[PDB]
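*Asks:* First the structure, then my questions, so here it is.
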Protein chains: 2
Amino acid sequence: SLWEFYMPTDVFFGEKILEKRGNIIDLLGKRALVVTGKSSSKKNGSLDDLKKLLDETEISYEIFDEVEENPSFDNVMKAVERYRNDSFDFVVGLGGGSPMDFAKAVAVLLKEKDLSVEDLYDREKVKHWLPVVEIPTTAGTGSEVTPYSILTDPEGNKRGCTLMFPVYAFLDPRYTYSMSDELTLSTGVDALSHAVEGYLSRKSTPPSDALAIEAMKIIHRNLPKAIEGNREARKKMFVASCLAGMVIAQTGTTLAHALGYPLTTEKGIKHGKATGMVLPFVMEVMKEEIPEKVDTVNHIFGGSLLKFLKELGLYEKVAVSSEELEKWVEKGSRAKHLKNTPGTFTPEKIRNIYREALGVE
Amino acid sequence: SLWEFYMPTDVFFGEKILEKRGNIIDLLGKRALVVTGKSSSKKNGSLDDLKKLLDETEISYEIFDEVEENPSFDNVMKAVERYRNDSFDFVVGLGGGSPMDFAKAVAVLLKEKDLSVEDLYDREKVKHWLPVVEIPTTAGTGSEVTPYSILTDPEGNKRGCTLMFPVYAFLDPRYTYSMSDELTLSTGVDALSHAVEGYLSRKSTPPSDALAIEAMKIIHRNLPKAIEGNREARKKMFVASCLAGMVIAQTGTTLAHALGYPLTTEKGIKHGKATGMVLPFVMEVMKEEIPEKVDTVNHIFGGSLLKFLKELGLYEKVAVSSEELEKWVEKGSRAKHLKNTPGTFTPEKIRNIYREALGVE
Ligand SMILES: NC(=O)c1ccc[n+]([C@@H]2O[C@H](COP(=O)([O-])OP(=O)(O)OC[C@H]3O[C@@H](n4cnc5c(N)ncnc54)[C@H](OP(=O)(O)O)[C@@H]3O)[C@@H](O)[C@H]2O)c1
Ligand SMILES: NC(=O)c1ccc[n+]([C@@H]2O[C@H](COP(=O)([O-])OP(=O)(O)OC[C@H]3O[C@@H](n4cnc5c(N)ncnc54)[C@H](OP(=O)(O)O)[C@@H]3O)[C@@H](O)[C@H]2O)c1
Ligand SMILES: [Zn+2]
Ligand SMILES: [Zn+2]
């Protein structure tokens with residue numbers, strides 16, 4: 001066999017974590033660029049805490065609070081072209097996966113001033129970048145512990161790239177208490193999918209399996225209560241989302257993530273819910289290769305992950321034309337994730353996965 | 001509550017791993033110092049593989065193959081003084097815990113020529129150091145993924161310190177197939193203790209708990225067969241020892257490790273066996289603060305860790321005087337590990353832990 005474990009991010013978790021461990025960012029420089037969403041970070045106390053930390057460490061900064069959900073190439077360039085004229089020592093991503101991923105792309109482009117966003121997809125061109133600090137507020141994408149960035153290209157397709165691991169990750173569960181029940185559900189299922197896909201992936205490793213198993217157990221026991229607003233459960237979900245991120249940082253994701261993309265970009269379905277909807281059906285095909293592991297996942301979730309997700313009210317009614325379905329099937333058949341997904345996926349199997357997922361509601 | 005996860009070592013695992021991924025050390029420099037034991041690494045093909053790797057990568061080197069079991073301050077200075085006139089870019093530890101720990105100490109001292117071994121216990125003085133590469137051959141201390149180094153001081157006492165994390169760890173399971181049944185047993189129990197102590201420690205964290213649980217399950221299922229010589233079992237033990245190293249790299253150890261030291265330094269009992277002998281009894285006390293987790297550990301090991309260890313033939317007959325016992329009880333009452341160990345340990349309880357462990361056989 002042959003495997004590798006690499007997750008160099010220094011992770012700090014706890015209430016008031018920026019106050020208690022945040023000063024370490026002073027090792028990164030004297031001026032920082034903060035990238036965050038339009039309003040969430042202003043309402044959960046995170047931006048205020050960050051401003052306090054920057055003031056305390058006497059680090060000057062600028063705030064780009066215009067990151068959109070599922071950020072596009074243009075969104076990133078709208079910030080890069082402007083901040084390339086400044087001189088930042090490091091970048092801080094604050095919020096959900098969108099601003100956290102946005103921060104990684106900007107960190108490279110502010111250093112590599114001659115590169116375009118498309119160039120980021122060429123690993124050979126990514127050799128220099130500003131350090132990145134991530135402060136997540138959802139539970140979650142686990143972006144604070146992965147080297148990935150996902151952007152929507154000019155054609156409207158979600159495309160991911162591998163950049164750098166954040167130097168520091170600061171997780172304060174209090175920031176997640178403001179999530180709506182619906183966002184808690186979607187982000188929680190995204191975390192669930194990361195742990196499940198990482199465990200079932202052909203790139204699975206012993207360390208990532210260990211982390212994935214614990215994450216799955218935590219999510220199974222806490223997601224329902226978290227959605228309802230139970231604080232202790234939300235704290236556990238935040239822990240699980242981080243563990244799951246560590247997992248995919250080793251394994252990457254599977255066809256489940258790839259197939260959910262069009263549901264998000266074309267049907268407005270939140271990322272986590274989109275992935276979660278197709279995941280159980282992708283698993284049915286994976287069974288042809290790893291039935292034991294698939295059985296393990298179903299057992300952890302009470303006997304059936306599909307039923308577990310259905311009980312959460314995850315499935316949505318989605319309008320899909322034959323024309324749209326065929327387009328999604330064609331794109332899925334070319335997903336890079338296919339190589340790391342157990343099972344044999346023909347266009348018909350992918351077509352069936354969508355029909356099954358869409359057929360629930 | 002508040003926790004941190006940090007384990008930056010880039011870990012590579014697999015048969016012929018040095019041949020397949022070792023070239024990456026080219027990024028560390030052009031000259032290196034190899035520290036290892038007298039014969040071991042020369043008989044399992046590891047030193048041969050390392051020599052070949054260094055030749056292929058065109059990296060000059062010198063070999064210090066005089067690291068003794070449980071190295072002392074003088075041992076380290078012997079190598080340091082012998083090579084302080086030279087100029088190395090990085091250090092490579094090859095072998096078990098002794099040479100790997102030796103490597104970390106030397107890596108600092110060769111950089112900071114004005115420091116003594118005693119200075120290494122002062123975190124403030126350890127500012128710079130040469131990069132370290134670890135290649136373990138036992139399953140194991142997990143030293144390849146921890147920042148710890150343990151040496152025997154002039155007084156003959158085991159004293160550990162925290163230095164740096166190795167940049168790269170290369171694990172080839174084939175190297176462990178040459179271990180004697182006794183060494184497999186002792187190093188295997190050491191790994192078991194790391195996982196168990198890390199899980200039970202007051203410094204336990206979610207990520208380390210995840211890794212510890214998996215490590216414990218692997219060891220329970222494979223240690224007996226590994227001792228018998230089963231290669232699949234030994235390969236699994238090697239994975240577990242690594243996972244366990246990642247665990248203590250976050251948690252540190254408990255009173256069990258502390259109480260076993262005098263058995264090693266004064267009675268020649270191998271580290272793993274010494275810790276393992278007292279572990280079940282230290283756990284009995286822990287049950288006062290964390291009965292849930294202790295029950296979990298016993299459940300994983302077939303219902304009783306004590307019985308599991310006894311069945312391995314772990315316990316040894318040891319000649320101990322009252323004077324010696326009282327000295328150990330006294331020192332045990334002043335171990336830093338006490339603070340991170342659940343339960344209340346009175347001199348009477350510690351004396352009883354030793355009596356119980358020594359009374360088994
Ligand atoms: N790096 C990776 O490996 C990885 C993994 C999984 C997913 N992703 C990517 O991450 C993105 C998904 O991010 P996400 O699900 O965390 O959400 P998101 O897209 O970052 O934002 C979701 C929405 O929730 C809001 N929000 C964020 N934190 C909140 C809080 N604490 N309380 C209330 N509302 C809050 C946001 O408000 P504001 O806009 O006002 O801030 C936003 O409107 C996708 O683009 C996905 O492809 C990346
Ligand atoms: N850094 C940490 O966090 C950490 C954790 C646990 C323990 N430790 C420390 O590590 C030391 C324990 O090391 P250890 O149990 O791995 O053993 P060790 O002390 O490194 O050596 C044990 C003996 O086994 C031999 N050996 C090593 N690899 C072998 C192989 N593949 N086949 C056959 N024989 C082999 C050695 O031979 P040669 O002498 O010929 O090489 C040596 O004589 C202690 O000093 C302990 O305090 C450190
Ligand atoms: Zn995701
Ligand atoms: Zn040990």
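To be explicit about the labels: the chains of the structure tokens are called A, B, and onward in the order shown, and within each one the residues are counted from 1, while ligands get numbers from 1 in the order they are shown.
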Please identify the residues whose atoms come within 7 Å of ligand 4, using only C-alpha atoms and all ligand atoms, and report them as a ChimeraX atom specification.

*Replies:* /B:141,190-191,193-194,257,271-272

*Asks:* Return as CSV the residues of chain B lying at most 8 Å from ligand 2, together with the closest atom-to-atom pair for each and the distance in Å to one decimal, counting only C-alpha atoms and all ligand atoms, with rows in chain order and ascending residue number.

*Replies:*
residue,atom,partner,partner_atom_place_in_ligand_line,distance
B:36,CA,ligand 2,41 (O),6.0
B:37,CA,ligand 2,41 (O),3.2
B:38,CA,ligand 2,40 (O),4.2
B:39,CA,ligand 2,40 (O),3.7
B:40,CA,ligand 2,40 (O),3.6
B:41,CA,ligand 2,41 (O),5.9
B:42,CA,ligand 2,40 (O),7.9
B:43,CA,ligand 2,32 (N),7.5
B:44,CA,ligand 2,31 (N),6.0
B:65,CA,ligand 2,41 (O),7.9
B:66,CA,ligand 2,39 (O),7.8
B:67,CA,ligand 2,39 (O),6.8
B:68,CA,ligand 2,39 (O),6.0
B:69,CA,ligand 2,19 (O),4.0
B:70,CA,ligand 2,45 (O),3.9
B:71,CA,ligand 2,45 (O),6.5
B:95,CA,ligand 2,28 (N),5.0
B:96,CA,ligand 2,20 (O),3.2
B:97,CA,ligand 2,10 (O),3.2
B:98,CA,ligand 2,20 (O),3.8
B:99,CA,ligand 2,20 (O),5.7
B:100,CA,ligand 2,1 (N),7.1
B:101,CA,ligand 2,1 (N),5.4
B:136,CA,ligand 2,28 (N),7.6
B:137,CA,ligand 2,31 (N),4.4
B:138,CA,ligand 2,28 (N),5.1
B:139,CA,ligand 2,16 (O),7.1
B:140,CA,ligand 2,16 (O),5.5
B:141,CA,ligand 2,6 (C),4.0
B:142,CA,ligand 2,5 (C),5.9
B:143,CA,ligand 2,1 (N),3.8
B:144,CA,ligand 2,1 (N),7.2
B:145,CA,ligand 2,3 (O),7.7
B:146,CA,ligand 2,3 (O),5.2
B:147,CA,ligand 2,1 (N),6.6
B:148,CA,ligand 2,1 (N),4.3
B:149,CA,ligand 2,1 (N),4.8
B:150,CA,ligand 2,47 (O),5.1
B:151,CA,ligand 2,45 (O),6.5
B:158,CA,ligand 2,47 (O),7.2
B:160,CA,ligand 2,47 (O),7.8
B:175,CA,ligand 2,31 (N),5.0
B:176,CA,ligand 2,31 (N),4.5
B:177,CA,ligand 2,31 (N),6.8
B:178,CA,ligand 2,32 (N),4.4
B:179,CA,ligand 2,32 (N),3.8
B:180,CA,ligand 2,33 (C),6.2
B:183,CA,ligand 2,24 (O),6.4
B:186,CA,ligand 2,15 (O),6.9
B:187,CA,ligand 2,15 (O),5.0
B:190,CA,ligand 2,6 (C),6.7
B:191,CA,ligand 2,6 (C),7.8
B:194,CA,ligand 2,6 (C),7.7
B:245,CA,ligand 2,3 (O),6.6
B:248,CA,ligand 2,3 (O),7.2
B:249,CA,ligand 2,3 (O),7.2
B:270,CA,ligand 2,15 (O),7.1
B:271,CA,ligand 2,44 (C),6.1
B:272,CA,ligand 2,15 (O),6.8

*Asks:* In Å to one decimal, how far is atom CA of residue A:156 from atom CA of residue A:309?

*Replies:* 27.9 Å

*Asks:* What does the C-alpha RMSD come to when chain A is least-squares superposed onto chain B, all C-alpha atoms paired in sequence order?

*Replies:* 0.3 Å

*Asks:* Give me, please, the distance in Å between atom CA of residue A:91 and atom CA of residue A:112, quoted to one decimal.

*Replies:*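 Going from atom CA of residue A:91 over to atom CA of residue A:112 covers 14.1 Å.
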
*Asks:* Could you list the residues in chain B lying within 7 Å of chain A, using only C-alpha atoms, and format the result as a ChimeraX atom specification?

*Replies:* /B:1-15,207,210-211,214,243

*Asks:* Would you please give, as a list in words, all residues of stretch 34-162 of chain B that DSSP assigns to strand (DSSP E) based on the backbone?

*Replies:* residues 34, 35, 36, 60, 61, 62, 63, 64, 90, 91, 92, 93, 94, 95, 132, 133, 134, 135, 136, 148, 149, 150, 151, 152, 158, 159, 160, 161 and 162 of chain B

*Asks:* Using N, CA, C and O atoms, can you write the selected residues to a file as a short mmCIF file (atom, residue, chain, number, x, y, z; two decimals), in the first residue's frame?

*Replies:*
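Writing the result to selection18.cif gives the following:
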data_model
loop_
_atom_site.label_atom_id
_atom_site.label_comp_id
_atom_site.auth_asym_id
_atom_site.auth_seq_id
_atom_site.Cartn_x
_atom_site.Cartn_y
_atom_site.Cartn_z
N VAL B 34 23.27 11.21 9.55
CA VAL B 34 22.40 10.08 9.85
C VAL B 34 22.75 9.54 11.23
O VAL B 34 23.92 9.26 11.51
N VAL B 35 21.75 9.43 12.10
CA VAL B 35 21.98 8.89 13.44
C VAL B 35 21.16 7.61 13.55
O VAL B 35 19.97 7.60 13.24
N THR B 36 21.80 6.54 13.99
CA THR B 36 21.12 5.26 14.11
C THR B 36 21.79 4.33 15.11
O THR B 36 22.79 4.69 15.73
N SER B 60 25.44 14.37 0.26
CA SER B 60 26.56 13.81 1.01
C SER B 60 26.10 13.59 2.44
O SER B 60 25.12 14.20 2.88
N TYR B 61 26.80 12.74 3.18
CA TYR B 61 26.39 12.46 4.54
C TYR B 61 27.45 11.74 5.36
O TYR B 61 28.47 11.29 4.84
N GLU B 62 27.19 11.65 6.66
CA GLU B 62 28.05 10.95 7.59
C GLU B 62 27.10 10.12 8.44
O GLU B 62 25.92 10.47 8.58
N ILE B 63 27.59 9.02 8.99
CA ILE B 63 26.75 8.15 9.81
C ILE B 63 27.28 7.99 11.23
O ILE B 63 28.44 7.66 11.44
N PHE B 64 26.40 8.24 12.19
CA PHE B 64 26.75 8.06 13.59
C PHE B 64 25.88 6.87 13.97
O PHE B 64 24.69 7.03 14.25
N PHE B 90 20.55 18.97 7.23
CA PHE B 90 19.47 18.32 7.97
C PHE B 90 19.95 17.03 8.62
O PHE B 90 21.04 16.53 8.31
N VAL B 91 19.16 16.52 9.55
CA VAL B 91 19.50 15.29 10.27
C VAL B 91 18.45 14.22 9.97
O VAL B 91 17.27 14.53 9.81
N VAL B 92 18.89 12.97 9.90
CA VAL B 92 18.00 11.85 9.63
C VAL B 92 18.09 10.83 10.76
O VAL B 92 19.16 10.30 11.04
N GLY B 93 16.96 10.59 11.42
CA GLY B 93 16.92 9.61 12.49
C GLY B 93 16.45 8.30 11.88
O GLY B 93 15.41 8.26 11.23
N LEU B 94 17.21 7.23 12.09
CA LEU B 94 16.86 5.93 11.54
C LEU B 94 16.87 4.85 12.62
O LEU B 94 17.89 4.61 13.27
N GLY B 95 15.72 4.21 12.81
CA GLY B 95 15.64 3.17 13.82
C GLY B 95 14.45 3.34 14.74
O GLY B 95 13.41 3.84 14.32
N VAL B 132 14.56 17.91 10.50
CA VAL B 132 14.71 16.50 10.86
C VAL B 132 13.81 15.58 10.05
O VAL B 132 12.64 15.88 9.82
N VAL B 133 14.37 14.46 9.61
CA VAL B 133 13.65 13.45 8.86
C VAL B 133 13.71 12.20 9.73
O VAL B 133 14.77 11.85 10.24
N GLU B 134 12.57 11.54 9.93
CA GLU B 134 12.54 10.34 10.76
C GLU B 134 12.11 9.12 9.97
O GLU B 134 11.17 9.18 9.18
N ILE B 135 12.83 8.02 10.18
CA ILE B 135 12.55 6.76 9.50
C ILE B 135 12.48 5.67 10.57
O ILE B 135 13.49 5.06 10.91
N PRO B 136 11.28 5.44 11.13
CA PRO B 136 11.06 4.43 12.17
C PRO B 136 11.18 2.99 11.71
O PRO B 136 10.84 2.66 10.57
N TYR B 148 8.80 15.41 20.61
CA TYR B 148 9.50 15.01 21.84
C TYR B 148 10.81 14.26 21.69
O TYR B 148 11.04 13.57 20.70
N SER B 149 11.65 14.40 22.70
CA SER B 149 12.94 13.72 22.77
C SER B 149 13.12 13.35 24.23
O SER B 149 12.93 14.18 25.11
N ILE B 150 13.46 12.09 24.50
CA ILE B 150 13.65 11.64 25.87
C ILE B 150 15.06 11.10 26.07
O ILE B 150 15.52 10.24 25.31
N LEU B 151 15.75 11.62 27.08
CA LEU B 151 17.11 11.19 27.36
C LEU B 151 17.27 10.87 28.84
O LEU B 151 16.42 11.24 29.66
N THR B 152 18.34 10.16 29.18
CA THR B 152 18.61 9.81 30.57
C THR B 152 19.65 10.81 31.06
O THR B 152 20.74 10.91 30.50
N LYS B 158 14.99 9.43 33.52
CA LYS B 158 14.44 9.73 32.21
C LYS B 158 13.78 11.10 32.26
O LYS B 158 12.89 11.33 33.08
N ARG B 159 14.22 12.00 31.40
CA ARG B 159 13.67 13.35 31.35
C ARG B 159 13.37 13.72 29.91
O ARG B 159 14.27 13.72 29.06
N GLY B 160 12.12 14.05 29.63
CA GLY B 160 11.75 14.40 28.27
C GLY B 160 11.67 15.90 28.04
O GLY B 160 11.54 16.68 28.97
N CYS B 161 11.78 16.29 26.77
CA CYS B 161 11.70 17.69 26.40
C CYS B 161 10.93 17.81 25.09
O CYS B 161 10.76 16.84 24.36
N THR B 162 10.47 19.02 24.82
CA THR B 162 9.73 19.28 23.59
C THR B 162 10.61 20.11 22.67
O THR B 162 11.04 21.21 23.04
#

*Asks:* Select, from B:192, B:312, B:185, B:18, the residue with the minimum atom-to-atom distance to residue B:50, counting only C-alpha atoms.

*Replies:*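 Closest candidate: B:18.
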
*Asks:* Neighbouring residues of residue A:317 were defined as those with any atom within 10 Å, considering only C-alpha atoms; residues of the same chain fewer than 3 positions away were excluded. Please report them as a PyMOL selection string.

*Replies:* chain A and resi 320+357-361

*Asks:* Excluding same-chain residues fewer than 6 positions from residue B:283, what lies within 10 Å of it counting only C-alpha atoms, as a count of residues only?

*Replies:* 18

*Asks:* Quick one: pull the distance between atom CA of residue B:78 and atom CA of residue B:113, Å, one decimal.

*Replies:*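 Calculated distance between atom CA of residue B:78 and atom CA of residue B:113 is 13.6 Å.
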
*Asks:* Where in stretch 178-241 of chain A does DSSP assign helix (DSSP H, G or I), given as JSON, numbers by chain?

*Replies:* {"A": [178, 181, 182, 183, 184, 185, 186, 187, 188, 189, 190, 191, 192, 193, 194, 195, 196, 197, 198, 199, 200, 206, 207, 208, 209, 210, 211, 212, 213, 214, 215, 216, 217, 218, 219, 220, 221, 222, 223, 224, 225, 226, 227, 231, 232, 233, 234, 235, 236, 237, 238, 239, 240, 241]}
